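1. Whatever this is, show me its structure:
(chains A, B and C, ligands or ions: 3)
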Amino acid sequence: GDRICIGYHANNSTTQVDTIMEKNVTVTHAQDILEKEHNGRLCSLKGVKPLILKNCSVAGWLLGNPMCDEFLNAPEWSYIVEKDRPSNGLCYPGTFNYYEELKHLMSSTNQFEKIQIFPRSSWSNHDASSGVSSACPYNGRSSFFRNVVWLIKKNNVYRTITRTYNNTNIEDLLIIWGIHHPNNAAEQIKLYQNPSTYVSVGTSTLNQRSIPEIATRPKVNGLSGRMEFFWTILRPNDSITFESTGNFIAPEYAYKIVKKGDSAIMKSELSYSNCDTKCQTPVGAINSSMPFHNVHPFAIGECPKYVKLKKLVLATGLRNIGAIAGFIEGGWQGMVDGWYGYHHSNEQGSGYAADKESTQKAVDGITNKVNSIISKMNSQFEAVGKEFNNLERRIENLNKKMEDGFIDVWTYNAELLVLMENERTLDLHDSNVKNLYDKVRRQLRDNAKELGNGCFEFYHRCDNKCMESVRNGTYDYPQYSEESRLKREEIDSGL
Amino acid sequence: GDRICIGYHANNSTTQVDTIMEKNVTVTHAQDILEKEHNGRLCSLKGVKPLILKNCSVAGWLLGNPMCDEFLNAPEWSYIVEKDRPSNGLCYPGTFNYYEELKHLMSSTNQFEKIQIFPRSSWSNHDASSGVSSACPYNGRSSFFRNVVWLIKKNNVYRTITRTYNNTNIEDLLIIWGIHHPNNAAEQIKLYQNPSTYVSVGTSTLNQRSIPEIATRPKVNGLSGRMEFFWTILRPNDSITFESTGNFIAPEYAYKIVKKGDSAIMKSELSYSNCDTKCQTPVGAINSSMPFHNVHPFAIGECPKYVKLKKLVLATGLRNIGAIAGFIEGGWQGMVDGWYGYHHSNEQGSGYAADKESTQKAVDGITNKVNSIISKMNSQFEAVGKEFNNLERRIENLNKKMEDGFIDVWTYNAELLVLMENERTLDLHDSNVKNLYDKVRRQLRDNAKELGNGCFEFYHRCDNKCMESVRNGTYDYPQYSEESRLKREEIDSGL
Amino acid sequence: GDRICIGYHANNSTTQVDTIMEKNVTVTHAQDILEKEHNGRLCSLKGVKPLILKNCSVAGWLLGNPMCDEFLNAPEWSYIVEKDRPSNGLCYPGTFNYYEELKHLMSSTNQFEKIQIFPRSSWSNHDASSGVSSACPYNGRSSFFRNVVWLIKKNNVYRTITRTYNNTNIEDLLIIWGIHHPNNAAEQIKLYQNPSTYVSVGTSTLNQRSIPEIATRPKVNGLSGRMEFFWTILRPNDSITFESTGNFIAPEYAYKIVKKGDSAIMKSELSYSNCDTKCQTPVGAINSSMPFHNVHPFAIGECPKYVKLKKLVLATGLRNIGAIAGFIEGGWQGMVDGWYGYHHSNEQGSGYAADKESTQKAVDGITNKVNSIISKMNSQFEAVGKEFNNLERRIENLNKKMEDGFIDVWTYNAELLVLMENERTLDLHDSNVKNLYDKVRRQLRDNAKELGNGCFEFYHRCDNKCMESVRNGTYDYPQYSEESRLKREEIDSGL
Ligand SMILES: *[C@@H]1O[C@H](CO)[C@@H](O)[C@H](O)[C@H]1NC(C)=O
Ligand SMILES: *[C@@H]1O[C@H](CO)[C@@H](O)[C@H](O)[C@H]1NC(C)=O
Ligand SMILES: *[C@@H]1O[C@H](CO)[C@@H](O)[C@H](O)[C@H]1NC(C)=O
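-> Residues are numbered from 1 along each chain as shown, chains lettered A, B, ... in the order given. Ligands and ions are numbered 1, 2, ... in the order given. Please see the structure below:
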């Protein structure tokens, strides 16, 4: 009898972690940091709803394709949702110049207010009602974009248009207009009389003379003609003047840019639900509590950092071991209120007290090290949506290689940090356990025999209140020295 | 007499590794992971040959510059090889719009099939044979691009061309055409009669009216005129219509895009050899076995990861030490079948048995850690060729800074990983050796005296079959205890 | 009496470092590596002065806006300084095509030489003196750009200009010209007679016919007309020919590109001082001695690496502890000439000698590890200035995300390296101190009793010259063995 052992926690845990050195290492306590689920729904972002475009493209929305919903309420939005291949775009076919740049403006815009700048009924000298088409059906009747006017010769005459608008608002105006490219020389005269026309636009920054480019083209949405749209931002206190002799697709409504901020165009097929989120991906929203996730790289909102991993587990406690007779052989299920501690084995005692002078000192630096790991990726790369046209494949690939490149870099960093500090965490517990034993051996010097399994046997009587002499860094050699003095030479001369 | 020692491997090795802390550290076993050689040849990639362009540029190939080889076999290719400054390009001088975007399409294309869409002899109303030039010699005779037709007025008349082609194939078609920019007003009439002309092209996506831009220009390849080429991809089931009144350089042959995939345009001066490779760089092919290389950043194929380093050596075993009398003084050349082990020194024995309970346990986690290091760069950045024109210097520099930037990042990572796990590898062996000694000291407790050099001397007789009691974690103190009991007090009372 | 202790340095230091595990760790010796100050001045770079543009933009400089200084001395420069919103640019309003590409050329250019190519007085057939404007005041009198000529009809006639210049210099020429866009059809005739005009330019690489685009525009700097400028680089031995029938803004002076190299356009509001620097940022110059800084990301010159951190401190020495009686309890202020060492306590002695066999061996690998850390970021990312126009927002954001992305990556690396090697540095000292004790215990074996506080008490007389037996790895057990032999059994039988 008369012993004492140094030992460590063990429990029912089957959590597993990895290191540089080993895989699947069972530990007492561990912390998952990777989010892997989403809810498959499309939600408001912290109370603010997305602008859902349904089957419409940004072009169809902005020009007012009759199949598309106008937003009369002038709502603000958190993000914009556009399907992958929207069916309602330029119902009258053609091109929309610097479309992808316009879409990129929307990513920093959170609210429009449509304002009328040239009322449809202010074109005295021209036909403002015949410009409609079977390609733009509203309720099965031929119609046209709601926000631009297809002006047409009146009484076989098309008087020169010169018309100006002064931006007397505080806000930038987004202004859109267009030009008609007819099918042949006869069509041009039929519509606009004058055989050779132009559309001239002028601001303090933009000077442009546009000219109708006639070609023989195959039918799109039934039509061989085309229309080409343009856009500009008219700054506060600047003015814009249009002059045309024909083919002018004139603006009616402009868009006051009333709120700039963090926004996005998300490409998703989902539809909106009664749902709110902190973090939205194109395939569903995420419970943003953990610091990493692998759901989708184009997450927006207050999001965890995206990494290309199947798992990310930080070790926090000891390995999980029976585990009998001191630390050399494993950990104690019997120890409950601590990670490292002791075992009494007394004339009075049984054992299993915990040393929380070093248990708390370890729970201190572990939970401090954990938060440090997470916050070290506070500035981790976050991907940003952009689109490119079919003649911008190089910069599109540049952009892909950059974003994938940063995701790979940070994936690597996140993994390496976890593996490396995991090895350091497990190694710390080892050194803490080995430190505990040494604290005791440096106290009980001669008065006890090292048993080689993690326990000491006393060459003297100790009793319970000396069993905290040893725990409290207080045991004094002298006051038990003379008793030990004698009993060990009794061993040296016993049987 | 009566001893036993704890010791470690040593051998003839002069392999050297580095750590954060020290350079040039001699070790027992080490693993080079950096490829530094190439074969200076240009090879097929895994059985598939490159498309070698010789002295021709992609433009010269595609338009059929008479000096360039057509590939009648419609071969597939693994990569394309273009010299740095090819001598055969636009033999008739001019410009090729969105050339760099076209070249970027080739990087995802692996096979063309040339098809005739407008046969050269189908231009009834025009001269399809006089459009040839001293600038385009075929066998010293004046000639012209093989795949486009320089249509010319017939009988002093040039009737309006309107001509259509429907893509009734499964595959995308690459279609090229052009327009002639004459030298002066008289030249225009001499060639095309009609003083004011255009070239109009129309598909469902492309609308274009082109106009001849006359200027007085210095001679290139002898000529002051210029020709400007265009290209489009005509989707399956779409049609393309051309209309011109003059200056039309019409297409004859289009290119069926029959195989898309991983390809590249490599800028190299080398010529092809009977040679196959897994990994090709512009200065030679590489033996893709090691995980890193430093030959060239624009390697393609199944390649090691490129890093800007002169060396990369992983330590696998112990440092390399004579080295006498236990681990405190160095390693044993005498130990051969293990990294750590013992030395007998018995009434019967000599020594040098190896502890492979911990040798194999170390060879386990070292070879497992090695593979983990390599696979951690599986997603390392790989550079991708692209070209830019002289008005795209900003995005060209963006692209350079990005690729060099990622190469630097991964160079850093690769080096830091090797140095850091090298320090961890050497430190592991130390702790393994120190662990071995402790296993023995915790067994032989009182029965032996620690000699302070890594060896124990027995206070009792052991014999050979107890010398595996100690090796096998099986030695029991008690069955030799009473013999030791007596002999140590004989030391305490000897001479 | 009769003792000896193993101990470590301690001193007056209050330097603090951090690790992964702990913050604010007081150490004996530490090395700041982060530069955080600048001098708020704009300096020459290593003897070479910046080209200070004052209130002028690159356009105003190059065209010779009468408000801008010409640099008649043809100076070379280290960088160019442009204010954020320069007030003197196109005094006659309009556009400058591929302006941002031109600015990017300046970033690789270090010296121009202005040369006259078409002398202002060589335009016999035209009015070379009436083209001046109230928008371009020189000394309150109407004037015009100094380097281009606004040619005007002479005697109500404007004869066709055809004019050529051959670049017979070694150097590339930067050549600028322009075209006038009038306000209305009457203005065109008033100025250039001929109602329909063009400006044609031709080199071996550039073919261009420019056409005047009339529009009704609001007044900028008082004027509603606009002028559009163009530029090209004319290679040595190439020639450029201009032809116009009106609206030609002709070149007078071209710029010989005489020195290429490392340069930059810095956006700064500062003005130049009698000051020289190695490293210049837009808000001030930096004392480039330390390896990192956080002053500004757009630093140029021979600069430390920019990181987004408030502090970066490498630990070099031990933690800073009174600290009595051996290493178990803290470090010795009393030890002065070393980091680790001993304490005598002799019949003759007091103590405090330093073990510089391991002190120098640690100062060796610490100062070697430090330099290794710095040089590992030799290839760290460095940001590069570029500008983008209002239709290049996507590539501008691409460029921002790339540069911020690399700065974040390297910020992370720098921090992680310091924290991790800091933990390794502190841990090294611990292991060095623990190694010292063990060197002594493996010598003095039986002859001394381990006191458990870091000190040994001798069972024999040692004297001073044996106190270096112990320090010099030379103490021999035998020559004191028989004396110890007896005195310990006197303890075993004392009182
Ligand atoms: C979009 O079009 C689909 C056809 O695929 C139609 O069934 C559906 O009603 C439309 N969705 C919305 C949200 O309007
Ligand atoms: C390319 O041109 C060179 C002239 O530098 C000529 O000698 C050689 O035959 C050509 N090479 C090939 C592969 O046709
Ligand atoms: C620039 O213009 C300012 C007006 O803000 C004027 O006061 C100053 O003299 C000018 N600075 C220089 C360096 O010419």
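2. which secondary structure elements does the helix or strand where residue A:371 lies contact?
-> Residue A:371 belongs to helix A:356-375 when assigned by DSSP states H and E. In terms of contacts (3 or more C-beta pairs under 8 Å, 6 or more residues apart in numbering or on different chains; DSSP states H and E), helix A:356-375 is packed against strand A:340-343, helix A:393-443. C-beta: built from backbone N, CA, C; applies to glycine.
3. Would you mind finding the most buried of the ones you listed?
-> Of all the helices and strands packed on helix A:356-375, strand A:340-343 carries the top mean neighbour count, a mean of 25, counting by mean count of other C-beta atoms under 10 Å in any protein chain shown.
4. Now find how far off-centre stretch A:158-169 is within its chain.
-> Taking C-alpha atoms, centre = their mean, to the nearest Å, one finds the center of stretch A:158-169 at 45 Å from the center of the full chain.
5. Alongside chain C, which residues does the stretch 101-250 of chain A contribute?
-> Taking C-beta under 8 Å from any C-beta of the partner chain as the measure of proximity, the stretch 101-250 of chain A contacts chain C at A:101, A:104-105, A:162, A:164, A:200-205, A:207-209, A:233, A:238-239, A:241, A:243.
6. can you tell me which residues contact residue A:195?
-> For residue A:195, the set of contacting residues under the criterion of C-beta atoms under 8 Å, 6 or more residues apart in numbering or on different chains consists of A:185, A:188, A:189.
7. same thing but at 6 Å, please
-> For residue A:195, the contact set (C-beta atoms under 6 Å, 6 or more residues apart in numbering or on different chains) comprises residue A:189.
8. Need phi/psi at it.
-> Backbone geometry at residue A:195, expressed as degrees, to the nearest 10, gives phi -70, psi -30.
9. Then the one 5 residues further on?
-> Taking degrees, to the nearest 10, you get phi -110, psi 130 for the backbone angles of residue A:200.
10. beta partners for it?
-> The partner list for residue A:200 in beta bridges (DSSP bridges) reads residue A:209, residue A:243.
11. which residues in chain A form helices?
-> With DSSP state H, the ranges of helices along chain A come out as A:58-63, A:99-106, A:185-192, A:356-375, A:393-443, A:478-491.
12. Can you show me the strands along the stretch 1-150 of chain A?
-> A:3-8, A:16-17, A:25-26, A:30-32, A:34-35, A:42-45, A:51-52, A:80-82, A:94-96, A:109-116, A:133-138, A:141-143, A:148-150 (DSSP state E, counting those that start in this stretch).
13. Export those strands to TSV and append columns for mean neighbour count and distance to chain B.
-> Below are the strands of the stretch 1-150 of chain A laid out as TSV (neighbours: other C-beta atoms under 10 Å in any protein chain shown; distance: least, C-beta to the nearest C-beta, whole Å):
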stretch	mean neighbour count	distance to chain B
strand A:3-8	26	13
strand A:16-17	20	14
strand A:25-26	16	11
strand A:30-32	17	20
strand A:34-35	20	17
strand A:42-45	22	30
strand A:51-52	20	27
strand A:80-82	22	19
strand A:94-96	20	7
strand A:109-116	18	25
strand A:133-138	17	13
strand A:141-143	14	21
strand A:148-150	24	18
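14. okay, now the domains of chain A?
-> Taking curated CATH domains as the domain assignment, the ranges for chain A are A:1-48+A:271-495, A:49-270.
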